[PDB]
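Just below is one structure, and these are the notes that go with it.
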Amino acid sequence: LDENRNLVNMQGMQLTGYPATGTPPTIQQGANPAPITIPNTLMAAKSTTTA
Amino acid sequence: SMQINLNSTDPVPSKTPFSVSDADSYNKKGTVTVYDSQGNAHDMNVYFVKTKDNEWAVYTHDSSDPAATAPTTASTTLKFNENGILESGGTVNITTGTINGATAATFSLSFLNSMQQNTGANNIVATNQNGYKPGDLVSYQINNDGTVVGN
Amino acid sequence: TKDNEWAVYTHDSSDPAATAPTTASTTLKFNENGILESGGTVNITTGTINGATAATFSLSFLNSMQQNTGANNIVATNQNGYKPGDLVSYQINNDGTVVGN
Amino acid sequence: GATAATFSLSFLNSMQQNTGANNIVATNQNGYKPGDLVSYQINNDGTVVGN
C-alpha cells in the first residue's frame, strides 16, 4: 500500500481492476478497469429495511 | 461496435421498470469510451434487460454529464432469431452530453456479430470505437514495406 | 473565465517598478474544435529599464489549441530580438554563403 | 509579542453516529516550525527536495 493506500508494486506500479459501483457497491465486470483503492475511512450505518 | 454474448436463462428482473440506480433492474451493464471534438472522454454505460424471449432492450446513458437526462425510453431493442442470429435493431444513433463546450458525440453504435445462446455467464466479447484523445510523438519506425509509422 | 474563453494577462517581472496588471491584456476565444477564432494577436509594451526604450512587440498566439491534453503545455516560444554579441567564428557554406557565428 | 495568529478551524468530515466512543479520525494543519536542513534527494521525476 502506497501513501494513498493503493495497491502498488516496488516501483509504485498501481494495481488496477474492476471497481465496485452502486449503493451498496457491487462488482461490475462490464465496468472499466480502475485502480483498486483501500481507504481507512470508517463505515457509516445503513438503516434496516428488511428482516 | 459492441459485440456481446447474451444468456437465454437469465430471469426477467422483478424490479420493473428500468432504473439507473437499481443495479438489479438490469441484466447486464457494459461501458464504452467515446470522445468528442475537444477529446473529452464519455463513458457510455449501456444496460441490457431481457423483455421476452429473443428480445433485449438496450439503454444508454453517459456518466460524464451530470446534466444529462435519465434514460427512461428504449435506446434500442435487439430482436434475435431461433439459432442466435441477429434479426433487427442492431444499430442505433447515440448522442452524448455537452461537456466543457465540447459538442455532443453523435455516433452510430452497432450490435453486429452479437450472438445469444446458453452462456454460463454475462460477458462482452468486444468493444471497438474509432475515436481517441490527442496524442504526441513518442516514437517513429520504418516497416519492412517502407511505411514510416509514428507511434 | 468559462468554457473555451481564456483571459490572458501580461506582466513584466524584470521591472522593479512594474505595475500589477489589473485589466485583461487579451481574450482567447476557441471554436468547437479548440482552434483559435479571435484574440490570437495583441500588441504588448514592456517597461523601461536602465533608460532603454520599452519593447513594443506583437505577441501572437498562432496555432494555440485547446483540447483534452493531459495538462497545459507550452509547445513553442519564439522572439526575433537578440542581444549584442562579439564575433566568435566564421564558415563558408556549400552554397558559397559566408556566415559569421 | 508575536502578531496574533487567526486560523480557519474546520470540523468537516466529522460525523456523529453510533461509534463505540468519541474517537478522532484525523487531525490536519498547515502551520509549521523552524528547523535545519537534514537531507536532500532527487526523486525519479527529477524533483530536488530537501527534508
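Methodologically, a virtual Cβ is constructed for each residue, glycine included, from the backbone with ideal geometry; neighbour enumeration extends over all protein chains shown. Read-outs throughout are calculated quantities, based only on the coordinates presented, and are distinct from any laboratory measurement.
Of note:
- Candidate set: region C:3-31, residues that are of a type in the set (D, E, K, R) and touching a residue at least 24 places away in the same chain (Cβ under 8 Å); chosen: the one surrounded by the most Cβ atoms within 10 Å (Cβ to Cβ): C:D12
- Output for region B:15-67, where each listed residue is among the β-branched types (V, I, T), within 10 Å of the chain's Cα centre (by Cα) and either away from chain C (no Cβ under 14 Å) or outside any strand (DSSP E or B) (or both): B:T31, B:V32, B:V46, B:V58, B:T60
- Here B:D136 fits the description: within 14 Å of another protein chain (Cβ to nearest Cβ), of a type in the set (D, E) and outside any strand (DSSP E or B).
- Qualifying residue in region B:49-62 (condition: touching a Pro at 6+ places or on another chain (Cβ under 9 Å), closer than 14 Å to B:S110 by Cα and surrounded by 15 or more Cβ atoms within 10 Å (Cβ to Cβ)): yes
- Reported count of residues in region A:1-36, each being outside any loop (DSSP other than H, G, I, E, B), in contact with a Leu (Cβ under 8 Å, 6 or more places away or on another chain) and either closer than 30 Å to B:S19 by Cβ or of a type in the set (V, I, T) (or both), is 2.
- Checking each residue in region C:1-14 for being under 17 Å from B:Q38 (Cα atoms) and either over 19 Å from the mean Cα position of the chain (by Cα) or not aromatic (F, W, Y) (or both) picks out C:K2, C:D3, C:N4, C:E5.
- Considering residues of region B:88-102 that are in contact (Cβ under 8 Å) with a residue 24 or more places away in the chain and not in a loop (DSSP other than H, G, I, E, B) only, the residue surrounded by the most Cβ atoms within 10 Å (Cβ to Cβ): B:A102
- Residue-level check: of (1) surrounded by 10 or more Cβ atoms within 10 Å (Cβ to Cβ); (2) more than 14 Å from chain B (Cβ to nearest Cβ), A:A51 misses just (1).
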